[PDB]
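J.: Next input, structure requested:
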Amino acid sequence: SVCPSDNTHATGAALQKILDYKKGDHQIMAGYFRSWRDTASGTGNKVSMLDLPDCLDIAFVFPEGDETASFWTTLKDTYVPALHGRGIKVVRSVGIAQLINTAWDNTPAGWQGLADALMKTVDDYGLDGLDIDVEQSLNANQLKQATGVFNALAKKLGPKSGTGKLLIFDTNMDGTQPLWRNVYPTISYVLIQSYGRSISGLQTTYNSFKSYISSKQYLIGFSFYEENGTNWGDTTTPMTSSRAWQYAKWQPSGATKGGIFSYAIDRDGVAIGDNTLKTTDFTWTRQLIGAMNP
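T.: Numbers count the residues shown, from 1 in each chain. Pasting the structure now:
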């Protein structure tokens with residue numbers, strides 16, 4: 001309720017109330033900002049990470065690897081300080097394919113070498129942590145390499161580190177995954193990509209993780225409509241009947257989840273099937289924060 005009814009960026013005592021809100025108990029909101037869609041990358045983009053709403057908890061930097069150098073300069077010099085001034089954490093996302101890359105030795109020294117290279121993506125930009133996107137099964141050698149890299153990362157990130165920085169596991173699979181069984185003690189938050197899924201199936205998925213976490217570590221995700229992308233239908237109108245809204249309201253039996261996240265937060269409020277790029281005032285993101293924290 002200290003949060004704006006529009007996309008105002010607060011400045012004084014009004015900002016302090018938002019910074020205080022974020023230090024208190026609340027269900028959190030995270031968003032994946034597609035880096036190649038930022039106005040500081042390439043041409044034709046409409047949204048800047050500077051537009052993100054004051055009441056966001058975590059912004060993920062999610063690149064595809066063809067971003068212009070201008071994006072990375074802007075992130076380091078402009079975006080991270082500005083987002084930090086709003087009490088928004090900024091986390092780098094990487095795919096699990098980066099941690100199982102056979103160019104890196106599958107040995108203790110190689111796990112540390114690869115962890116060191118991943119930590120540069122956090123430290124060189126002043127970020128708040130690392131998010132690993134796990135969307136495939138692993139063979140025995142891949143599981144050994146990924147587990148080694150997580151254990152090396154845990155010296156600098158996540159609950160084993162004592163640094164306050166985050167180590168996040170985001171996944172479209174469940175708590176039976178061998179990698180999860182190997183690395184759960186290193187994890188800050190676990191984020192379940194739940195695009196297009198049944199509300200009746202959420203407790204099953206949560207139950208596969210709940211022995212390995214507390215409930216406040218657990219976030220479920222919906223997707224905005226990506227231009228030319230999958231029609232998940234998570235953001236149908238009317239909003240209060242959407243999958244995204246039902247996710248904001250859902251709770252596991254007898255516990256409180258950590259919150260929700262969006263994929264492609266840069267697309268907040270674009271109609272399903274509209275393949276043009278548009279500015280956003282983050283109406284969905286802001287309304288969903290109010291749905292979770294009434």
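J.: can you point me to the longest helix in the chain?
T.: helix 108-123 (DSSP state H).
J.: Contacts for that helix next, please.
T.: Helix 108-123 has contacts (Cβ atoms under 8 Å, 6 or more residues apart in numbering) with 92, 94, 98-99, 101, 104-105, 127-130, 145, 148-149, 151-153, 155-157, 165. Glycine gets a C-beta too; all of them are placed from N, C-alpha and C.
J.: hey, where'd the strands end up in the stretch 51-200 of the chain?
T.: Counting by DSSP state E, counting those that start in this stretch, the stretch 51-200 of the chain has strands at residues 58-62, 89-95, 129-134, 166-171, 189-193.
J.: The third one: partners in the sheet, and parallel or antiparallel?
T.: In the sheet, strand 129-134 lines up against strand 89-95 (parallel), strand 166-171 (parallel) (DSSP bridges).
J.: okay, the angle between the last one and helix 108-123?
T.: It refers to strand 166-171. For strand 166-171 against helix 108-123, the angle by axes from the mean of the first three to the mean of the last three Cα atoms, to 10 degrees is 100 degrees.
J.: CA-only coordinates of strand 166-171, as PDB, when you get a sec.
T.: The C-alpha coordinates for strand 166-171 follow below in PDB (Å, rounded to 0.1, in the frame of the first residue of the first chain):
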ATOM      1  CA  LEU A 166      22.000 -14.900  -3.900                       C
ATOM      2  CA  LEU A 167      22.400 -18.300  -5.600                       C
ATOM      3  CA  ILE A 168      19.100 -19.100  -7.300                       C
ATOM      4  CA  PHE A 169      17.900 -22.400  -8.900                       C
ATOM      5  CA  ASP A 170      15.200 -21.800 -11.600                       C
ATOM      6  CA  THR A 171      13.800 -24.800 -13.300                       C
END
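J.: does residue 161 really touch residue 150, like I thought?
T.: No: in this structure residue 161 lies outside contact range of residue 150 using Cβ atoms under 8 Å: 11.9 Å.
J.: Could you check which of those two has the larger neighbour count?
T.: The neighbour comparison of residue 161 against residue 150 (other Cβ atoms under 10 Å) goes to residue 150, with 26 against 17.
J.: I'd guessed that one sits against residue 186; true?
T.: Yes: Residue 150 sits in contact with residue 186 when judged by Cβ under 8 Å, with a separation of 5.2 Å.
J.: Show me whatever sits in contact with both of those two.
T.: residue 167.
J.: what about the residue lying closest to residue 74 once chain neighbours are set aside, how many neighbours?
T.: Spatial nearest neighbour of residue 74, chain neighbours left out: residue 40 (3.8 Å); criterion: Cβ to Cβ, 6 or more residues apart in numbering. Using other Cβ under 10 Å, residue 40 is surrounded by 19 other residues.
J.: And residue 40, how far from residue 193?
T.: Separation of residue 40 from residue 193 (Cβ to Cβ, to the nearest Å): 26 Å.
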